[PDB]
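In the form deposited without nicotinamide-adenine-dinucleotide, a lone chain appears below as structure tokens.
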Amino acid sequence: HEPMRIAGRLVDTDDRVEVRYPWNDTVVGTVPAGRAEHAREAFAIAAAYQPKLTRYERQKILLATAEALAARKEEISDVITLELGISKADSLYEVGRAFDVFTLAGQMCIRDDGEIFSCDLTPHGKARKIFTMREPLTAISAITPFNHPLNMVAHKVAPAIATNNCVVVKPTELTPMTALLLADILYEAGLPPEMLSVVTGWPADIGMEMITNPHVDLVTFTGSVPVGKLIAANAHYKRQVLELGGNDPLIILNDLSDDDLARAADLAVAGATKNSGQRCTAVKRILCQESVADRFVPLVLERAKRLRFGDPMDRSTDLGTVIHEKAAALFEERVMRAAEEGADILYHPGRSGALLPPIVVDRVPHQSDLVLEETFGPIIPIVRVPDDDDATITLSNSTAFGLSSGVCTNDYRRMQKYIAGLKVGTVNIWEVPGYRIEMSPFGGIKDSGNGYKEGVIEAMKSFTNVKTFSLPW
């Protein structure tokens, strides 16, 4: 039972949004069905407040938050698992990521990336210097998805704090409780309350206000392509940082030894199945060159069978549920359909509500919905691709997405060919597409994002205006 947090105040409403635990579809919490007026108030407070925190004070708040996350991780991951349905293993891991986000944002506070230009450069030159500096925006709108109820909020809120911005968060109504808890932690860690609000409600009531409120200088959104494209249409003349899906490959080249195939298999399974496969950067396509497929697939199969799927609150569970039963149903459907198109299902112990096992499918036609569309579940789909890198690259690039990628090979020449040729934001050699540090530049192209980078450092830049000034010299 959680009210909204509007600049530190608990704000309630009559109507409720029920939050259900996807494992057994029971109500585990309720939050307000907030309305435009609530967001509107949150933004007015945000706009009127001018943060004056020193970099030291910002760092203290961010580092205090990091410890609170560590200290309370069991509690916080319980909340995550209860609304999202991912295993405690995955949700404990999420708290670790959020711990990194706050720690790195805290540490980046001592950093000033100002520049200096000399002006006596051309025939038009002058004896003068130009200096750079950053300033915060009026207010920032953050809209977050169900997949990382904690880490997604952390990524949007920590850089805002670090830069003396005021942010208003609207988490998805599917997983709003983690956000509300994070706000409480932040207020306790000493954040001036005006710097953060978390509002909840139905998209038809409060969603549009997040996009159109006149005080909002920047909308930062992570979510689906259709909602993303909608936002891009409706947030006129506001800066927008849009992080949409991925359809990311793990590419297995034919130079690999059997030992290496086994490591690549480890990556494939982990990358496909972590967070119940609910990552923009999950392995959604395992592109295996024909030559090595017969050796590779059995290794994948063997690993997929070891995974324990079931009760997410059980600490020995590897793989919990996906967000809900109809997502699970849709994913299994895409599997069945691939099979009818010629795919070979190797492992499928059966779906149970929102609980999908780590289904292994081989010889997936790469046109088939399963892999052409983004499939946001723990499917392990192997697409057999030619023993030709140009063909492999063209195939890898043939979807509407372009976020991240993983390539397993020991041949440098081929490595750099893929690095140069994949149309994506990130190419990871010998790691899953999902691999990054919380502060490296993160973002996709094509349908994966509108082309701006995120991660702690780029978010901090993104959340400021550069002001220049020049002095006689």
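Heads up: residue numbers just count along the shown sequence, starting at 1.
Keep in mind that the form solved in complex with nicotinamide-adenine-dinucleotide is missing from the display, and what follows is about it.
Participant: Report yes if all three of 171, 223 and 245 come within 4.5 Å of nicotinamide-adenine-dinucleotide in the deposited bound form by some heavy atom, otherwise no.
Facilitator: Looking in the deposited bound form, the three residues 171, 223 and 245 all sit within 4.5 Å of nicotinamide-adenine-dinucleotide (heavy atoms).
Participant: With the partner left out of view, is residue 442 within 4.5 angstroms of nicotinamide-adenine-dinucleotide in the deposited bound form by any non-hydrogen atom?
Facilitator: The answer is yes: residue 442 has a heavy atom within 4.5 Å of nicotinamide-adenine-dinucleotide.
Participant: Looking in the deposited bound form, any heavy atom of residue 207 within 4.5 Å of nicotinamide-adenine-dinucleotide?
Facilitator: Yes.
Participant: Examine residue 448 and determine whether its closest non-hydrogen atom to nicotinamide-adenine-dinucleotide in the deposited bound form is within 4.5 angstroms.
Facilitator: Close contact exists here: in the deposited bound form, residue 448 approaches nicotinamide-adenine-dinucleotide to within 4.5 Å, heavy atoms only.
Participant: Just to confirm, residue 227 within 4.5 Å of nicotinamide-adenine-dinucleotide in the deposited bound form by heavy atoms?
Facilitator: Heavy-atom contact with nicotinamide-adenine-dinucleotide at 4.5 Å: present for residue 227.
Participant: Select, from the options 236-244, 81-89, 353-361, 105-113, the stretch whose residues sit within 4.5 angstroms of nicotinamide-adenine-dinucleotide in the deposited bound form by heavy atom distance.
Facilitator: Correct option: 236-244.
Participant: Of the residues 403, 272, 264, 162, which one places a heavy atom within 4.5 Å of nicotinamide-adenine-dinucleotide in the deposited bound form?
Facilitator: Only one listed residue qualifies here, and that residue is 403.
Participant: Find the only residue in 186, 150, 253, 280 having a heavy atom within 4.5 Å of nicotinamide-adenine-dinucleotide in the deposited bound form.
Facilitator: Of the candidates 186, 150, 253, 280, 280 is the one lying within 4.5 Å of nicotinamide-adenine-dinucleotide in the deposited bound form.
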